[PDB]
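1. first portion of the complex, with coordinates as positioned in the assembly:
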Amino acid sequence: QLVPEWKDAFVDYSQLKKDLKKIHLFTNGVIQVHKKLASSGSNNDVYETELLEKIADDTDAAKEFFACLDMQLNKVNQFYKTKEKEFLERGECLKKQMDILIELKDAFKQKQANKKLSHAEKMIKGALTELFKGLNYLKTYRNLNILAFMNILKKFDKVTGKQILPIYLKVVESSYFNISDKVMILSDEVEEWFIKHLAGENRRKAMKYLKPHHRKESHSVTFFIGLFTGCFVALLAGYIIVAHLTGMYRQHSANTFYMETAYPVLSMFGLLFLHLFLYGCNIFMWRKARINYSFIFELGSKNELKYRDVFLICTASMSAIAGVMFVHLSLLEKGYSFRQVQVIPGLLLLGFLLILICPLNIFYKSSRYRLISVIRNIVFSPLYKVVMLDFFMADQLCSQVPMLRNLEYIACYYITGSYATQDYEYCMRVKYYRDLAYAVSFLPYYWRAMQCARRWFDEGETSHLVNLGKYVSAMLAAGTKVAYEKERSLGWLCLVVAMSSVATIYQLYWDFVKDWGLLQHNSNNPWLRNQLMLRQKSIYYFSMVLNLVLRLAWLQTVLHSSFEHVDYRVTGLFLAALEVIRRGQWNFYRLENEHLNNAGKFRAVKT
């Protein structure tokens, strides 16, 4: 079939139902099938009708039901037998045409040991490429006719309501186009010489030369998202039952080397693997509005990560912690020599540290060494000029201020010997854990404020000087809490309400105005901008109240450093996992804004 040719022999879902509309106008105004084949030595399914079950007072329109329908049996059967007969004529001349190929494909290495051979390939390539697809059209011809003859009977099983839909179907399925599979013995016959010596030795390269409608997505990754989602949830749920039934869940039990050894590590991993998830719940929202994240970030093609390849990292590696922090609760239910069981926390960190810098090819290299091309520029702060993916992962760390106290308690309990010596207070005695585990905790707001300084003494403009002010603002507002542990009075307490509400507007101003681009009164939209890259004007305003409700989580988690003081712990992992949820919609409206104020639409091939 060079062109698709079954035109009168297509599905006749149009013509048959308006005759079923014509018995409908006879209502106000089921059959035993006489199976006979052709008396001409052929297989023409001429089906004689019989009315028995008292349809109407005079069945003048009941024969109109079969005045056309039994011809539709023949209409497929006259064609499919002849289209098979044409494909028998195109099924045996090819046996002779590839038989002279046998004379050629036998001597090409015999006589090489002793130039039309390449001309001989196109003589059989272009032949048997679409000659297969003439059969795949013929299977699609068969399936659509079953999709015809089954689905032309929906409303007849309501206005009459019988068991005819399998009864009629067994002169359809027993007719020649389905009671045989003689086109399907050709479905493996077409690849007898195509696979082994025509296209080479491959299996996918031989498939690609003749397959349109190629292949769907290999869904061995929708499963592996699910395998590790459920393995993490059930290992977590078998940690809030067993630790409940141990005594330790409320700390009404034995030694407190649980909530100071490995709560500072199921905290640091529940916050880091909530952010990587919300980075993958934002590629699902960037692609679904075509916000072109690869060109703005200057990514490239470069093995495009998707929202199934960061939904796979954040689940496969969070069940790997919820497992190793389940075999470590068991050993601390009975006791298994504390001097060596308390490296399992500090080694799971060490296992994850080397996967990130693993140089081989396994765990997403060319997007895991690009990420160390980003946190190399940010830590060397006043140098290393800012691009868009040098700004972005520097202001994803202003939600991981509570995470960066649980990667400084750990490397105090693993670097000065506090694990083998059995002491959970070795860090928090000296001045080291009064300022320098809370002053270097505001290191991410120093890296931002020294990237705007190079974005000022570079590019010149004034707007990268009020950006610089924004992080110095939330470095004084917690710098007053440094001088609030002493002189707790009416002195530096009308100052930690002063500078901490100066900050919380000066971050709230900058979010909508100079990051999200919103709050323009000189517009056609109330409190939004002119043009929107999204649907209905209702969820825009819901995200504007959630950057103010959720910035009470911020300024609680950066003035109430959890592992330095008061032992109310679960607030330090609930509110601190709300600021990580707050940024995650800030990532959306910062990229939508700097695409609707980038004005280009460079999408490399997506859809």
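-> The structure has been received and is ready for your questions. Numbering: from 1, shown residues only, chains lettered A, B, ... in the order given.

2. I'd say residue A:146 and residue A:140 touch.
-> No: counting by Cβ atoms under 8 Å, residue A:140 is not a contact partner of residue A:146; they are 10.7 Å apart. C-beta coordinates here come from the backbone N, C-alpha and C atoms, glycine included.

3. show me how far stretch A:63-79 is from its chain's centre.
-> Put simply, stretch A:63-79 sits 48 Å off its chain's centre (Cα atoms, centre = their mean, to the nearest Å).

4. give me the contact list for that stretch.
-> For stretch A:63-79, contacts defined as Cβ atoms under 8 Å, 6 or more residues apart in numbering pick out A:6, A:8-9, A:12, A:15-16, A:19-20, A:22-23, A:31, A:43-47, A:49, A:51, A:145, A:149, A:171-172, A:175-177.

5. just the buried ones from those residues?
-> A:6, A:9, A:12, A:16, A:20, A:23, A:31, A:44-45, A:47, A:49, A:145, A:149, A:171-172, A:175-177 (16 or more other Cβ atoms under 10 Å).

6. what number of residues lie near residue A:227?
-> When neighbours are defined as other Cβ atoms under 10 Å, residue A:227 has 14 of them.

7. is it in a helix, a strand, or coil?
-> Using DSSP: H, G, I helix; E, B strand; the rest coil, the structure places residue A:227 in helix.

8. looking at the buried ones among the contacts of stretch A:63-79, which are in strands?
-> Among the buried ones among the contacts of stretch A:63-79, the members found in strands (DSSP state E) are residue A:47.

9. so which of the buried ones among the contacts of stretch A:63-79 belong to helices?
-> In this view, the buried ones among the contacts of stretch A:63-79 that belong to helices under DSSP state H are A:16, A:20, A:23, A:145, A:149, A:171-172, A:176-177.

10. and which of those residues is nearest residue A:430?
-> For those, the residue nearest residue A:430 by Cβ to Cβ is residue A:145; the value is 84.4 Å.

11. give me the element the closest residue to that closest one other than its chain neighbours is part of.
-> Nearest residue to residue A:145, sequence neighbours excluded (Cβ to Cβ, 6 or more residues apart in numbering): residue A:76, at 5.3 Å. Per DSSP states H and E, residue A:76 falls inside helix A:62-107.

12. again with residue A:371
-> Applying DSSP H and E, one finds residue A:371 in no helix or strand.

13. where does the nearest residue to it once chain neighbours are set aside land in three-state SS?
-> Distances taken as Cβ to Cβ, 6+ apart place residue A:393 nearest to residue A:371, at 7.3 Å, with adjacent residues excluded. Three-state call for residue A:393 (three-state DSSP): helix.

14. hang on, residue A:393 packs against residue A:378?
-> Yes: if you go by Cβ under 8 Å, residue A:393 and residue A:378 touch, sitting 6.9 Å apart.

15. one more chain, chain B:
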Amino acid sequence: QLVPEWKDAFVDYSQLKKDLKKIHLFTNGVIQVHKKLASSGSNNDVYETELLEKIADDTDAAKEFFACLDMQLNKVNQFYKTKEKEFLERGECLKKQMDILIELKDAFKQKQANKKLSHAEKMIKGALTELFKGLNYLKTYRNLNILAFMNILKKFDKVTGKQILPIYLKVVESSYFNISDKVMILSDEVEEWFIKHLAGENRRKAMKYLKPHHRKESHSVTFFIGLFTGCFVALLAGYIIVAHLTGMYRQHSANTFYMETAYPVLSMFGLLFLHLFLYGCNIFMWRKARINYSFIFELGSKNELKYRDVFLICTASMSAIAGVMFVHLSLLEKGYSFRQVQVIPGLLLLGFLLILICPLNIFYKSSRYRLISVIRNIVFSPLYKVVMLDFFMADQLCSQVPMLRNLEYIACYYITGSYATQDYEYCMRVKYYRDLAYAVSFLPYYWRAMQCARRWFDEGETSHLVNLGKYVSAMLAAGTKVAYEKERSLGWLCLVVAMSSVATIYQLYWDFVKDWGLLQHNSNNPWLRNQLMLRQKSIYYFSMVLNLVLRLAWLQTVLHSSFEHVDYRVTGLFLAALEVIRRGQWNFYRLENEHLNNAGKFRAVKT
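-> Chain B goes in next, on the same frame as the chains above:
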């Protein structure tokens, strides 16, 4: 576009590479792009070339690289601008054509309150159905040209090896066909009146009128297979760690109400949900060889179960047991009033019993009341004439003989009050658990032998009398073990070796010969039959040695009834879960045989 018309403007992956083959013959015999638009007030991307980086000794073929390629920039750009201009001409006359529709679609309910309206629908249905698809062709025109211009440069980045694949791409993506999305603002413009008043009020019915390449499979079930696979494995693995660290795993601990209360539950549910899985690993092998299981079984259309809807039952309901038999280990680690914690085993059975007979619609009704149309005929054995799905689920129970002892120990510990009265030996004192928990254990081999009796006094033939002999054979061979507990001597021990090896050939004969159809010496294949419904003649013989190796698991599990005698327990759930693995390949070669000796090919629509 009534016909697909981009023929010279198709991907030119043919013509450009043979010119790249022509610079290849110049080798033995990269550019800064001068971006200029049209000087005629248009957007014709005429790109002037420049050679700087010293390609060859004389660059006569380097200009041949750009003698055609920059024309391919124009060839898409002259067409896409004009095809958009045609779709502007087909983008503004439709604004006027649907504007007279506004005059019609406003008065149809005003004047109804006071017949060309239906003729007006086809005036805009058939217009805007494929006029959308003219744009979906134009997006496919754009994507294939990106799929052209990216994938015409594979071998040029090896013979020269530069960074040109994103450098060249930014005069491709910045050209008018991708630097705009003016066809994509029409992608939502086509459904402004189509969705709300043309097709009605639906979302899928409005989509079906104009969508070929409709939709792939909704993969919210490849995830839910995976969610419950991992939830079962991690709840199991958090049961072989916690019970290991309890004392009870080797029974070196407290009271033995573990391995007599709930090991006869996690035994009866690890065998029943291994068989339902291997019934779904056989629909994956029946469909993949087109063995037509629905017509042989006389199924019908009738909401066709797949191998994702029995891989979903057997995983979602095995994590629901591995959960409830994990909250029941915890309560029996500390003790929570034994008189009421020991109903959780006998209620999980009761929960699963009522799901099977649940009549509403939830858990696969019309295939769960058909299954009680099967185990109603089998238990009323000598009546109820045999069809193929009355035979099949009667001889799936001759692998669940060890399962049917753990559904008779349970309903002795739940029916005569042995749970509140605290006694794990109340059943196994009287004669009740010496014969009648082992003689009614061979009830499934009685239902088979009384279906062949109605298949004899019906249909007449001799072959349904040697079938009847086959189950009476393995009813005497274990009936000698009834008389082996006494007179253990050289008496009835040259009889339990006698009748039990008479059985194990008389099942081994019937499997290959009169069920699988194999072992015909009068054939062209050694020890197989003539025609095969499968691939290479190597895995046929591997399944013939696995019905003899694995029938030592049988006759061990039906002479060594596990909860009646000797306390070696894990052999009673390893070997008994091998006979359930043995049948599971018997289901394959029994249906392949009775399709290659059914000779019809009635496939209702699959592929």
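
16. so, the neighbour count of residue A:227 revisited with chain B in the model?
-> For residue A:227, the neighbour count with other Cβ atoms under 10 Å in any protein chain shown is 24.

17. that one and chain B, how far apart?
-> 4 Å (Cβ to the nearest Cβ, to the nearest Å).

18. the helix holding residue A:76 vs chain B: in contact?
-> No: Helix A:62-107 lies apart from chain B when judged by Cβ under 8 Å from any Cβ of the partner chain; the minimum separation is 14.0 Å.

19. and the residue lying closest to residue A:156 once chain neighbours are set aside, how far is that from residue A:13?
-> When the adjacent residues along the chain are set aside, residue A:156 lies closest to residue A:20, with 6.5 Å between them (Cβ to Cβ, 6 or more residues apart in numbering or on different chains). For residue A:20, the distance to residue A:13 equals 11 Å [Cβ to Cβ, to the nearest Å].

20. same question, residue A:166
-> 19 Å.

21. same thing with residue A:537?
-> 42 Å.

22. ok, residue A:568 next?
-> Separation of residue A:568 from residue A:13 (Cβ to Cβ): 68 Å.

23. what about the two, which has more around it?
-> Neighbour totals were compared for residue A:568 and residue A:13, and residue A:13 leads with 13 against 9 (other Cβ under 10 Å).

24. any idea how far the more buried one lies from chain B?
-> 13 Å.

25. wait, that residue sits on residue A:150?
-> No: counting by Cβ under 8 Å, residue A:13 sits too far from residue A:150 to count as a contact (10.8 Å).

26. residue of chain A closest to chain B, please.
-> Nearest residue of chain A to chain B (Cβ to the nearest Cβ) works out as residue A:226 at 2.5 Å.

27. show me what contacts that residue?
-> Counting by Cβ atoms under 8 Å, 6 or more residues apart in numbering or on different chains, residue A:226 touches B:222-227, B:229-230.

28. between those, which sits nearest residue A:315?
-> Among the contacts of residue A:226, and counting by Cβ to Cβ, the member closest to residue A:315 is residue B:230, at 9.4 Å.

29. and the strand or helix carrying that closest one with helix A:222-237, angle?
-> Residue B:230 is part of helix B:222-237, with elements assigned from DSSP H and E. Computed by axes from the mean of the first three to the mean of the last three Cα atoms, to 10 degrees, the angle separating helix B:222-237 from helix A:222-237 equals 40 degrees.

30. how far does helix B:222-237 sit from its chain's centre?
-> 15 Å.

31. can you check stretch A:148-165 too?
-> Distance, stretch centre to chain centre, for stretch A:148-165: 41 Å (Cα atoms, centre = their mean).

32. start to end distance for that stretch?
-> Start-to-end span of stretch A:148-165 (Cα to Cα, to the nearest Å) is 12 Å.

33. then stretch A:522-539?
-> Terminal residues of stretch A:522-539 lie 21 Å apart, using Cα to Cα.
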